[PDB]
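**Student:** My structure is below; once you've seen it, I'll send some questions.
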Amino acid sequence: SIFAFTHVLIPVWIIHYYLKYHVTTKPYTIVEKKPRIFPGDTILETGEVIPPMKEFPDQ
Amino acid sequence: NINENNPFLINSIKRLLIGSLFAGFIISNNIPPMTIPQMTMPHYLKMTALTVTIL
Amino acid sequence: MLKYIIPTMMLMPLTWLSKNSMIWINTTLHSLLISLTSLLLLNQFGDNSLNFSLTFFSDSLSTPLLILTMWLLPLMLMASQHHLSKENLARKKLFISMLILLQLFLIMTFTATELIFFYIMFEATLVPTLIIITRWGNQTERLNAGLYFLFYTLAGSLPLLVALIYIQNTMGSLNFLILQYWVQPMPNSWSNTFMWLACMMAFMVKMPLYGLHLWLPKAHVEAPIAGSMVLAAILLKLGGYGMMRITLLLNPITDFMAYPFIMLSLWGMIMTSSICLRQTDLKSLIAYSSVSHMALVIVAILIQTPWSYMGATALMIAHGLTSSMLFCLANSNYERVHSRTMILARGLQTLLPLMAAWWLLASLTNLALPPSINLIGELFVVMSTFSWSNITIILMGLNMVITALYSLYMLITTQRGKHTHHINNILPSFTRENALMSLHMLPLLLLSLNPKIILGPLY
Amino acid sequence: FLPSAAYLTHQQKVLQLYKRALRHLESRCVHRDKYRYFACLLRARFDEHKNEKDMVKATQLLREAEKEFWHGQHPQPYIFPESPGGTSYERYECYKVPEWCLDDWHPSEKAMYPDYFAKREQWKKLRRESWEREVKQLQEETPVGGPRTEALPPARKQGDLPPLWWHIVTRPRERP
Amino acid sequence: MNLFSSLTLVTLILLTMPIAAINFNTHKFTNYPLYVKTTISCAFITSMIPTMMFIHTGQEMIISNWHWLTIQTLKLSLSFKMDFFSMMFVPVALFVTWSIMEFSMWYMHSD
Amino acid sequence: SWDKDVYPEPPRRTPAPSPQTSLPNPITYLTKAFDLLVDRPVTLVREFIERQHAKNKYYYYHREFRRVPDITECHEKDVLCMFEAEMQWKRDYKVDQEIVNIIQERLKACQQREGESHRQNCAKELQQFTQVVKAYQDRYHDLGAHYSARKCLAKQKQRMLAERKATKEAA
Amino acid sequence: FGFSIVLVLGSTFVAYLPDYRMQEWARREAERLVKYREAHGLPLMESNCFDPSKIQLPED
Amino acid sequence: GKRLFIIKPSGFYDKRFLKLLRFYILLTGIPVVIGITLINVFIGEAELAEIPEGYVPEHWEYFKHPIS
Amino acid sequence: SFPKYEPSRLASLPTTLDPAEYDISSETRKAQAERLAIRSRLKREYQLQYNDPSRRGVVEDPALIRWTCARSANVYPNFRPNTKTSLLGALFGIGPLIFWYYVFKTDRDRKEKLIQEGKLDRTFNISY
Amino acid sequence: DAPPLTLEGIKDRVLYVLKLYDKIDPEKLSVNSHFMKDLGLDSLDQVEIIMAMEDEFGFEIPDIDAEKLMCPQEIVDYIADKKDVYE
Amino acid sequence: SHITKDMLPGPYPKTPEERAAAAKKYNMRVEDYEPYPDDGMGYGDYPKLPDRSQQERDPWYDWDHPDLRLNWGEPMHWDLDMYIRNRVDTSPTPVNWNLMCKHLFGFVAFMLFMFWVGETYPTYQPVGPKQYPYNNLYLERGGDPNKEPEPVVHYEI
Amino acid sequence: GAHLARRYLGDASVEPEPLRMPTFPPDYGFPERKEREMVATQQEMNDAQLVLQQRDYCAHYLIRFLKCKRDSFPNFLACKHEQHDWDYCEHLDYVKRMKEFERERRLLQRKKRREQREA
């Protein structure tokens with residue numbers, strides 16, 4: 001599968017070589033929109049929790 | 001000269017009716033809900049779609 | 001710069017002391033090496049222009065146009081055979097050396113500090129072009145064309161000399177910097193009105209504006225390909241270059257006194273795009289395309305925005321390349337069939353098959369292809385004139401619609417639908433023609449990649 | 001407005017009106033058998049006064065026939081996909097290369113196809129063989145000073161091909 | 001994250017190679033339609049996965065570089081975003097156009 | 001590397017995904033194969049390249065400039081004075097346009113990070129944007145094409161004279 | 001001598017060249033000056049580019 | 001007994017021009033790309049150090065790329 | 001049984017209901033006979049100069065050349081400036097020009113007055 | 001899109017759909033036998049015959065050529081000129 | 001070579017000269033050469049023709065130029081550029097022209113009139129306002145960070 | 001409906017014209033009844049990236065549904081009843097808005113006709 005080899009590895013290798021180094025030396029490059037945290041979430045990064053959501057009632 | 005013994009065209013029609021029977025539900029199910037649905041209709045305003053199409 | 005002038009001097013006796021069937025390769029190779037050394041000029045940076053040999057200096061108003069001339073020379077030197085190969089040795093060598101001397105006075109014009117030196121090299125640009133078109137026009141009204149040409153360009157550009165001399169001995173010298181750094185604002189009495197109207201009217205003649213424009217299309221359609229290309233691209237964009245230089249004076253009155261030329265320019269733009277919608281004689285449509293673009297350039301110079309000046313110089317360079325190329329395609333079709341009319345040579349998708357690729361590419365660069373330099377120039381002119389007034393955009397967009405319409409008419413009428421099947425003399429396309437297509441449409445796409453080279457000194 | 005005759009006769013004109021009305025009734029009427037019914041009704045209407053020879057009453061009826069045709073014609077007539085205005089209408093006029101050309105090739109690519117070019121050489125020799133004398137004499141002897149028609153006579157005289165045949169024999173296949 | 005940006009840029013750039021293939025052709029490939037169909041199929045099956053990432057969590061991003069003619073107070077670069085519309089819009093069009101590649105193999109076979 | 005005090009990156013937030021799934025997990029197998037097939041060999045080639053960087057090294061510098069004094073300290077004509085003065089002013093004008101570009105890049109980044117909630121957590125950057133552009137609009141804007149420096153200073157006199165008569169009428 | 005030594009060499013020669021009209025200099029100068037202005041408390045891009053202490057306006 | 005003679009316009013001059021174009025960009029396109037790659041991967045770019053005390057540099061030592 | 005189909009400048013009257021193709025006179029058929037004679041002679045010389053194997057260039061069509069010289073540069077002789085010509089000239093040239101002049105003076109005076117008020121919405125209006 | 005055409009097959013089809021139409025006789029109906037002169041049926045039903053051939057073979061024939069068919073052999077001549085029916 | 005006298009100077013007077021000349025030179029009938037006449041607009045002494053000419057001229061005549069509808073010898077109609085098929089279809093329309101434009105303008109005016117009547121007369125279902133709690137979504141509108149929190153709340157019903 | 005028909009055909013008085021809904025004062029047919037729980041916890045609301053015109057009532061249910069829809073993605077039809085509950089709560093919210101409109105309608109009707117009968 002030489003075709004599958006070239007067309008899912010060689011531009012992938014070149015573009016991931018392109019997307020770390022040069023483009024991160026560019027400072028205001030690619031920016032993520034943040035995942036949306038919940039009151040029943042903690043944080044993977046350092047680890048600090050949020051108090052949960054309050055009482056439910058009148059359903 | 002009615003002839004449709006073609007693997008290509010049965011592949012294409014095959015896979016597009018596949019995408020035209022299930023994939024609308026595959027899309028519409030897990031859309032990220034970016035609006036507020038109305039969902040509280042009277043009578044003859046949700047039935048009006050099927051009513052108009054049947055008539 | 002003097003190292004760019006003096007080998008153009010020494011390139012002139014090349015054709016003289018080269019024997020027959022050997023002049024061609026020599027002139028081609030040597031003018032192309034001059035084109036490399038020309039592109040070596042680009043040292044310009046930041047604060048100042050690069051100024052030396054006291055008569056000489058280079059802006060980026062002058063660097064890209066100078067490279068345009070010193071690159072459009074050898075292209076033309078190759079372009080102008082098959083219509084004088086069967087002429088004699090003496091007139092052949094005279095033609096080539098006349099073109100070289102035309103180039104020399106062009107570069108002298110583009111690197112002119114002193115505006116009197118500019119005016120001398122301006123009409124020095126004029127005088128060989130008449131001899132070229134009148135001796136090798138290959139039609140029957142070329143005589144009247146040259147006569148109209150010289151009297152319009154002189155009599156418009158004549159009192160400009162008197163106004164510049166008046167400037168020379170009422171203020172001091174005419175260094176462009178000492179024209180700058182010293183310019184006092186001149187008030188709105190009537191003599192200032194006449195002086196502004198003199199300078200602007202001379203270059204209005206040269207561009208042309210709408211009211212003085214039948215100067216051009218006869219001179220285009222009754223000229224050889226060399227004179228037609230140098231005429232269109234280099235002469236009209238030279239007029240624009242000179243206006244960009246001389247507009248630095250008389251600032252605080254041209255707001256008051258530069259209304260009616262905008263109205264004449266825009267209504268002439270619409271009328272010119274409409275008159276090139278319905279003519280025969282394929283050669284004439286590109287001349288009226290040139291008049292449309294130059295009217296837009298004149299709007300761009302009468303407004304005084306850096307957006308307008310960047311769009312102005314980009315529009316100049318791009319339309320010089322585009323109209324020169326499309327003139328060369330028109331010449332190739334006319335040398336296929338000795339007609340000069342349009343509707344006789346229908347077809348030509350089937351036969352000359354990859355000629356269609358170059359008609360497509362040239363006509364889309366005329367269309368404002370969506371990354372093209374033509375689109376960049378027209379877009380920033382439209383932005384700046386919308387800031388000038390919020391109502392002008394109807395005429396701009398209507399220009400855009402009619403420009404696309406006549407471009408597509410030229411595409412699908414000359415080269416679409418049916419060979420007329422009574423022709424039987426059209427050959428396959430030679431390698432020289434495709435070579436000229438390549439030599440036109442490589443620099444336009446390379447400039448489409450990185451265009452920040454060629455925008456104006458108001459960068 | 002036609003090649004042979006200077007004008008169309010009245011019987012011809014009545015006939016073309018018949019074919020136009022019948023075609024538009026095809027386009028009007030689906031299911032094809034009620035079409036057949038209405039077509040024989042139309043043919044009955046032309047049977048109602050078919051056997052009359054008052055030529056002035058005939059052209060009176062022809063004028064009223066043109067009026068009654070234009071009153072109820074159909075907007076988009078069903079035209080066949082090779083007709084004028086049709087779905088194709090010289091579709092492959094793209095692929096219709098003339099045959100005066102094909103000889104501005106290269107001798108390598110000419111040597112790739114030997115036999116067709118040898119037979120083309122003997123065709124071209126057939127053309128130049130009997131072009132001058134027979135064709136030009138039959139066109140400068142048998143016509144009048146004013147030709148007064150356009151159908152050219154065949155070469156019934158002695159020998160070779162009927163005159164002026166090159167671009168009419170050598171037309172392409174209309175489906176390459 | 002590397003994965004999302006890298007896969008969307010390669011779904012752009014895998015729609016570049018057949019133009020390079022005819023530009024380096026100088027032949028008569030009798031399988032160039034098959035080539036274009038299979039590179040379209042590969043582009044869709046590499047593009048559906050970052051949409052799956054979008055609906056799994058998000059990480060909804062813009063990429064931009066290669067500024068050109070940053071003349072006055074603005075700048076303009078190659079800049080494009082993947083969000084809701086730009087994310088879920090693409091694989092639909094890829095699937096449709098892959099089907100049209102099949103049908104144009106058949107319907108347009110004899111030209 | 002890039003200066004973070006001038007390109008302010010807000011505090012990172014990333015939640016840990018907690019299934020509660022038994023399909024399970026296409027993206028985990030995806031990113032495992034992605035790391036092992038893409039991230040490792042590109043890093044090996046890049047480390048080879050950086051050893052080739054570390055074979056022999058260069059430097060390039062910032063072209064620092066002095067401060068030539070002023071344009072209000074040149075005389076009537078004095079071209080050799082005004083040349084220094086106005087190339088100084090034009091270098092200020094280039095770097096000032098780049099300041100506006102940096103503020104605009106900050107505003108783009110603030111807009112994209114906060115996503116679908118625009119109207120909070122971008123107040124300070126929009127406020128400093130309107131401050132810098134009020135400065136720019138008041139200072140360098142309507143001078144047209146042939147700025148030398150002198151039309152800017154005539155604008156400067158005109159504007160402060162307007163505000164002088166404004167505070168006199170409202171004093 | 002029109003493509004292989006002219007076009008491609010001109011393409012490399014205008015591909016990279018100095019900071020044409022002083023670009024990347026202005027990037028780094030702007031970065032240093034904005035770091036300075038937001039460190040030392042001063043307002044970024046103060047108006048009145050010439051000091052109004054150095055003016056003598058006409059009066060009434 | 002089915003294949004015909006499809007009349008073609010020509011292809012010889014066209015493919016000759018395109019082959020000469022691709023070969024004569026290839027002649028010094030590939031050495032040019034190989035050279036620029038060898039330069040910017042086997043000599044490195046540059047470093048961003050500040051002006052040291054008491055040192056005056058020349059008009060170079062200001063540019064990232066070494067052929068610049 | 002119809003409203004008798006008035007023509008227009010565009011809706012051309014087809015050959016059925018002319019009704020001039022009914023009262024055929026002598027000179028009508030004489031004209032059709034001579035018209036076929038003209039088309040016959042022109043196609044005869046065309047097909048003669050169209051089937052020649054020695055023919056190299058185009059068939060050199062004189063009527064297209066004649067019409068080109070008519071539409072291009074034989075406009076100006078003849079021409080006398082009459083009442084109609086001059087009035088339509090001064091209308092089509094100066095009229096729209098002076099119209100656009102008035103509308104541009106209108107918009108520019110409105111803009112200068114509004115920015116002389118001090119309240120133009122120049123909240124940020126940089127690229128002028 | 002592959003219809004094969006030949007001489008005698010289309011001669012068979014033209015002769016067949018003339019045989020199917022009723023008010024002619026199937027006895028004296030030769031390959032080259034006339035329409036008006038010998039069968040005796042008039043002009044109008046002759047143009048209905050021309051309509052039948054057009055409605056069968058998928059292209060109109062013009063009224064300039066509709067005057068002059070008059071027998072099935074000349075019909076096969078004109079259709080073989082239309083579709084270029086030779087090898 | 002080409003004669004200067006196959007061009008067309010001057011006008012049409014007198015009645016022997018130019019009429020015999022234009023018949024012999026334009027290959028037409030003598031009386032059917034009709035000049036414009038001398039309106040003074042230039043226009044030479046070139047004929048007037050019935051100007052529609054292109055979706056007429058039945059395609060089955062089989063002349064020379066198969067799409068231009070020409071005959072190689074013809075007066076070559078003056079506005080021919082404005083008339084080639086792909087430009088202006090002056091075929092006879094199946095109804096009229098006045099009646100066409102009357103129905104079109106009537107339908108456009110009717111729909112815009114009912115649009116205006118709709119614009120003054122909206123729809124609404126019996127629906128309250130969308131209750132936004134925090135002073136009508138304040139501190140998530142355009143701004144005012146601590147200037148004026150202005151009390152407006154909703155009440156249970 | 002028929003109220004729309006009355007508002008365009010009969011009088012324009014008795015139907016209150018929309019999008020100017022509070023005309024009668026509050027706590028007037030209430031007296032002493034308002035709680036308005038609103039337990040979305042505004043800080044966590046804004047720290048969540050919900051859209052404007054979604055920062056609404058019952059938004060805690062939406063937060064629950066987003067929690068389960070994040071936590072169970074390739075489960076294709078697991079998260080049903082939470083979004084069902086959000087639908088039900090916003091149904092009740094629409095009912096409350098209908099109650100407001102008909103309260104205002106009957107106030108305008110009965111009040112203004114009692115007033116303009118006895119005056």
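In the structure tokens, chains take letters A, B, ... by order of appearance, with residues numbered from 1 within each chain and ligands from 1 in the order shown.
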Determine, for each residue of chain L having at least one atom at most 8 Å from an atom of chain E, the closest pair of atoms and their separation in Å to one decimal, counting only C-alpha atoms; order by chain and ascending number, as JSON lines.

**Tutor:**
{"residue": "L:70", "atom": "CA", "partner": "E:57", "partner_atom": "CA", "distance": 6.4}
{"residue": "L:73", "atom": "CA", "partner": "E:56", "partner_atom": "CA", "distance": 5.6}
{"residue": "L:74", "atom": "CA", "partner": "E:56", "partner_atom": "CA", "distance": 7.8}

**Student:** As a PDB file with C-alpha atoms, in the first residue's frame, please: the residues near residue 29 (chain J) (cut-off 9 Å, only C-alpha atoms, same-chain neighbours under 3 positions excluded).

**Tutor:**
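Wrote it out as out_1.pdb, contents follow:
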ATOM      1  CA  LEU J  15     -40.036  -1.938 -43.686  1.00  0.00           C
ATOM      2  CA  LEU J  18     -44.490   0.372 -42.668  1.00  0.00           C
ATOM      3  CA  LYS J  19     -45.923  -3.126 -42.578  1.00  0.00           C
ATOM      4  CA  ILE J  24     -51.489  -0.174 -46.835  1.00  0.00           C
ATOM      5  CA  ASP J  25     -51.413  -3.671 -48.164  1.00  0.00           C
ATOM      6  CA  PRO J  26     -48.717  -6.131 -47.051  1.00  0.00           C
ATOM      7  CA  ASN J  32     -38.294   0.188 -53.568  1.00  0.00           C
ATOM      8  CA  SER J  33     -41.964   0.716 -54.265  1.00  0.00           C
ATOM      9  CA  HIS J  34     -43.565   4.141 -54.292  1.00  0.00           C
ATOM     10  CA  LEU J  39     -50.107   2.445 -53.316  1.00  0.00           C
TER      11      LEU J  39
END

**Student:** Could you make a table, as CSV, of the residues of chain A that have an atom within 8 Å of an atom of chain E, each with its nearest atom pair and distance in Å to one decimal, counting only C-alpha atoms, in chain and number order?

**Tutor:**
residue,atom,partner,partner_atom,distance
A:7,CA,E:14,CA,7.0
A:11,CA,E:10,CA,6.3
A:12,CA,E:10,CA,6.2
A:15,CA,E:6,CA,6.2
A:16,CA,E:6,CA,5.9
A:19,CA,E:6,CA,7.2
A:20,CA,E:2,CA,7.8
A:23,CA,E:65,CA,7.1
A:26,CA,E:65,CA,7.8
A:29,CA,E:64,CA,5.8
A:30,CA,E:63,CA,4.2
A:31,CA,E:61,CA,5.6
A:32,CA,E:61,CA,4.3
A:33,CA,E:60,CA,4.6
A:34,CA,E:59,CA,5.9
A:35,CA,E:59,CA,6.0

**Student:** Suppose we keep N, CA, C and O atoms; can you now write the selection as a PDB file, in the first residue's frame?

**Tutor:**
ATOM      1  N   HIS A   7       0.089   9.062   0.994  1.00  0.00           N
ATOM      2  CA  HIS A   7      -1.000  10.002   1.220  1.00  0.00           C
ATOM      3  C   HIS A   7      -1.595   9.954   2.615  1.00  0.00           C
ATOM      4  O   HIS A   7      -2.616  10.609   2.832  1.00  0.00           O
ATOM      5  N   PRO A  11       2.523  13.926   3.805  1.00  0.00           N
ATOM      6  CA  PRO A  11       2.031  15.246   4.210  1.00  0.00           C
ATOM      7  C   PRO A  11       1.705  15.339   5.684  1.00  0.00           C
ATOM      8  O   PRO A  11       1.811  16.431   6.244  1.00  0.00           O
ATOM      9  N   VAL A  12       1.364  14.227   6.338  1.00  0.00           N
ATOM     10  CA  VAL A  12       1.160  14.252   7.782  1.00  0.00           C
ATOM     11  C   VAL A  12       2.468  14.546   8.503  1.00  0.00           C
ATOM     12  O   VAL A  12       2.511  15.384   9.413  1.00  0.00           O
ATOM     13  N   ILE A  15       3.431  18.194   7.754  1.00  0.00           N
ATOM     14  CA  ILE A  15       2.605  19.197   8.408  1.00  0.00           C
ATOM     15  C   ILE A  15       2.767  19.160   9.919  1.00  0.00           C
ATOM     16  O   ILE A  15       2.767  20.212  10.561  1.00  0.00           O
ATOM     17  N   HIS A  16       3.002  17.996  10.518  1.00  0.00           N
ATOM     18  CA  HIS A  16       3.287  18.041  11.945  1.00  0.00           C
ATOM     19  C   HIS A  16       4.696  18.536  12.237  1.00  0.00           C
ATOM     20  O   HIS A  16       4.934  19.072  13.322  1.00  0.00           O
ATOM     21  N   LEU A  19       3.851  22.202  12.215  1.00  0.00           N
ATOM     22  CA  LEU A  19       2.919  22.703  13.207  1.00  0.00           C
ATOM     23  C   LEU A  19       3.459  22.716  14.619  1.00  0.00           C
ATOM     24  O   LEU A  19       2.843  23.342  15.485  1.00  0.00           O
ATOM     25  N   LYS A  20       4.566  22.048  14.899  1.00  0.00           N
ATOM     26  CA  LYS A  20       5.196  22.375  16.165  1.00  0.00           C
ATOM     27  C   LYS A  20       6.032  23.631  15.995  1.00  0.00           C
ATOM     28  O   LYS A  20       5.619  24.719  16.397  1.00  0.00           O
ATOM     29  N   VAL A  23       5.653  27.235  13.494  1.00  0.00           N
ATOM     30  CA  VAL A  23       4.410  27.946  13.701  1.00  0.00           C
ATOM     31  C   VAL A  23       4.203  28.252  15.182  1.00  0.00           C
ATOM     32  O   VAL A  23       3.465  29.185  15.512  1.00  0.00           O
ATOM     33  N   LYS A  26       6.061  31.357  15.803  1.00  0.00           N
ATOM     34  CA  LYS A  26       5.136  32.464  15.600  1.00  0.00           C
ATOM     35  C   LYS A  26       4.258  32.576  16.845  1.00  0.00           C
ATOM     36  O   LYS A  26       3.665  31.571  17.259  1.00  0.00           O
ATOM     37  N   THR A  29      -0.296  32.391  17.126  1.00  0.00           N
ATOM     38  CA  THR A  29      -0.673  31.411  16.129  1.00  0.00           C
ATOM     39  C   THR A  29      -1.923  30.716  16.649  1.00  0.00           C
ATOM     40  O   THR A  29      -2.727  31.358  17.331  1.00  0.00           O
ATOM     41  N   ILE A  30      -2.131  29.461  16.233  1.00  0.00           N
ATOM     42  CA  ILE A  30      -3.276  28.594  16.483  1.00  0.00           C
ATOM     43  C   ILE A  30      -3.741  28.700  17.927  1.00  0.00           C
ATOM     44  O   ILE A  30      -2.933  28.752  18.862  1.00  0.00           O
ATOM     45  N   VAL A  31      -5.028  28.914  18.114  1.00  0.00           N
ATOM     46  CA  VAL A  31      -5.555  29.053  19.461  1.00  0.00           C
ATOM     47  C   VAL A  31      -6.787  28.184  19.574  1.00  0.00           C
ATOM     48  O   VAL A  31      -7.621  28.128  18.659  1.00  0.00           O
ATOM     49  N   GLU A  32      -6.859  27.464  20.678  1.00  0.00           N
ATOM     50  CA  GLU A  32      -7.968  26.589  20.962  1.00  0.00           C
ATOM     51  C   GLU A  32      -9.081  27.403  21.587  1.00  0.00           C
ATOM     52  O   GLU A  32      -8.848  28.427  22.234  1.00  0.00           O
ATOM     53  N   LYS A  33     -10.299  26.959  21.359  1.00  0.00           N
ATOM     54  CA  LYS A  33     -11.415  27.380  22.167  1.00  0.00           C
ATOM     55  C   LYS A  33     -11.568  26.341  23.249  1.00  0.00           C
ATOM     56  O   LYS A  33     -11.609  25.134  22.954  1.00  0.00           O
ATOM     57  N   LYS A  34     -11.675  26.845  24.473  1.00  0.00           N
ATOM     58  CA  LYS A  34     -11.501  26.097  25.701  1.00  0.00           C
ATOM     59  C   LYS A  34     -12.632  25.093  25.899  1.00  0.00           C
ATOM     60  O   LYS A  34     -13.780  25.372  25.540  1.00  0.00           O
ATOM     61  N   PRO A  35     -12.343  23.920  26.455  1.00  0.00           N
ATOM     62  CA  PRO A  35     -13.422  23.030  26.884  1.00  0.00           C
ATOM     63  C   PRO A  35     -14.202  23.635  28.038  1.00  0.00           C
ATOM     64  O   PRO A  35     -13.711  24.490  28.779  1.00  0.00           O
TER      65      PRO A  35
END

**Student:** For residue 73 (chain E), work out the shell of residues within 10 Å, counting only C-alpha atoms and skipping chain neighbours fewer than 5 positions away, then give it as a PyMOL selection string.

**Tutor:** (chain F and resi 94+96-102+104) or (chain I and resi 126-127)

**Student:** Those same residues - C-alpha atoms - I'd like them written as an mmCIF file, in the first residue's frame.

**Tutor:**
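Written output follows (selection-v3.cif):
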data_model
loop_
_atom_site.group_PDB
_atom_site.id
_atom_site.type_symbol
_atom_site.label_atom_id
_atom_site.label_comp_id
_atom_site.auth_asym_id
_atom_site.auth_seq_id
_atom_site.Cartn_x
_atom_site.Cartn_y
_atom_site.Cartn_z
ATOM 1 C CA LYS F 94 6.429 52.530 11.539
ATOM 2 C CA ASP F 96 3.564 52.964 16.091
ATOM 3 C CA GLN F 97 1.616 51.149 13.381
ATOM 4 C CA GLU F 98 3.163 47.928 14.666
ATOM 5 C CA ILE F 99 1.911 48.794 18.171
ATOM 6 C CA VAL F 100 -1.603 49.053 16.749
ATOM 7 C CA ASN F 101 -1.077 45.657 15.090
ATOM 8 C CA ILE F 102 -0.056 44.097 18.419
ATOM 9 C CA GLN F 104 -5.320 44.091 17.413
ATOM 10 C CA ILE I 126 -8.288 54.531 10.775
ATOM 11 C CA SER I 127 -7.862 53.369 7.191
#

**Student:** Per residue of chain J within 12 Å of chain B, record the nearest atom pair and its distance in Å to one decimal, counting only C-alpha atoms, with rows in chain order and ascending residue number, as CSV.

**Tutor:**
residue,atom,partner,partner_atom,distance
J:1,CA,B:1,CA,8.3
J:2,CA,B:1,CA,8.2
J:3,CA,B:1,CA,7.8
J:4,CA,B:1,CA,10.5

**Student:** Which is closest to residue 5 (chain C) among C:99, C:348, C:161, C:34, if we use only C-alpha atoms?

**Tutor:**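 Closest to residue 5 (chain C) of all the choices is C:34.
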
**Student:** List the neighbours of residue 40 (chain H) out to 9 Å using only C-alpha atoms; skip same-chain residues closer than 3 positions along the sequence, and give me the result as a PDB file with C-alpha atoms, in the first residue's frame.

**Tutor:**
ATOM      1  CA  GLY H  35      20.852  23.880  -2.042  1.00  0.00           C
ATOM      2  CA  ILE H  36      18.452  25.984   0.010  1.00  0.00           C
ATOM      3  CA  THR H  37      17.513  22.921   2.075  1.00  0.00           C
ATOM      4  CA  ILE H  43      24.360  25.541   8.939  1.00  0.00           C
ATOM      5  CA  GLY H  44      21.412  26.651  11.058  1.00  0.00           C
ATOM      6  CA  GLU H  45      19.648  29.962  11.057  1.00  0.00           C
ATOM      7  CA  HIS H  65      18.719  33.266   7.100  1.00  0.00           C
ATOM      8  CA  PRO H  66      22.417  32.862   6.292  1.00  0.00           C
ATOM      9  CA  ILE H  67      22.109  33.464   2.571  1.00  0.00           C
TER      10      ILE H  67
END

**Student:** Compile the contact shell of residue 9 (chain B) as number ranges by chain: residues with an atom at most 8 Å away, counting only C-alpha atoms, same-chain residues fewer than 2 positions apart removed.

**Tutor:** B: 4, 6-7, 11-13; E: 102-103, 106

**Student:** Using only C-alpha atoms, which protein or nucleic acid residues come within 10 Å of residue 49 (chain C)? Drop anything in the same chain fewer than 6 positions from it, and give the result as a list in words.

**Tutor:** residues 43, 57, 58, 59, 60, 61, 62, 177 and 457 of chain C

**Student:** With C-alpha atoms kept, could you save the residues just selected as a short mmCIF file (atom, residue, chain, number, x, y, z; two decimals), in the first residue's frame?

**Tutor:**
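Final output, result18.cif:
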data_model
loop_
_atom_site.label_atom_id
_atom_site.label_comp_id
_atom_site.auth_asym_id
_atom_site.auth_seq_id
_atom_site.Cartn_x
_atom_site.Cartn_y
_atom_site.Cartn_z
CA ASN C 43 18.07 47.25 -1.89
CA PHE C 57 17.35 57.97 -6.80
CA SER C 58 15.03 55.03 -6.32
CA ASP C 59 11.75 54.87 -4.40
CA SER C 60 9.47 51.83 -4.54
CA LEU C 61 7.44 53.89 -6.92
CA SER C 62 10.42 53.50 -9.25
CA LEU C 177 13.59 65.94 -1.80
CA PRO C 457 6.35 54.06 -0.93
#

**Student:** Which of chain G counts as alpha helix (DSSP H) under DSSP, as a PyMOL selection string please?

**Tutor:** chain G and resi 7-15+24-39

**Student:** Can you tell me, as an NGL selection string, what residues are no more than 10 Å from residue 17 (chain F) when counting only C-alpha atoms, ignoring any on the same chain fewer than 2 positions away?

**Tutor:** (:A and (41-44)) or (:E and (57)) or (:F and (14-15 or 19-20)) or (:L and (70-72))

**Student:** Those selected residues, please, written with C-alpha atoms and delivered as a compact mmCIF listing (two decimals), in the first residue's frame.

**Tutor:**
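part12.txt, written as the output of this step:
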# COMPACT_ATOMS: atom_id res chain seq x y z
CA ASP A 41 -15.71 18.79 37.25
CA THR A 42 -12.17 18.83 38.52
CA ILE A 43 -9.13 19.96 36.54
CA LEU A 44 -6.55 17.66 34.97
CA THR E 57 -15.23 17.32 23.42
CA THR F 14 -8.29 21.58 31.23
CA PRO F 15 -10.80 19.05 32.59
CA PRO F 19 -16.09 7.77 31.35
CA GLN F 20 -18.82 6.35 32.12
CA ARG L 70 -19.56 15.04 27.50
CA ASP L 71 -19.04 12.01 29.73
CA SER L 72 -20.82 9.54 27.44
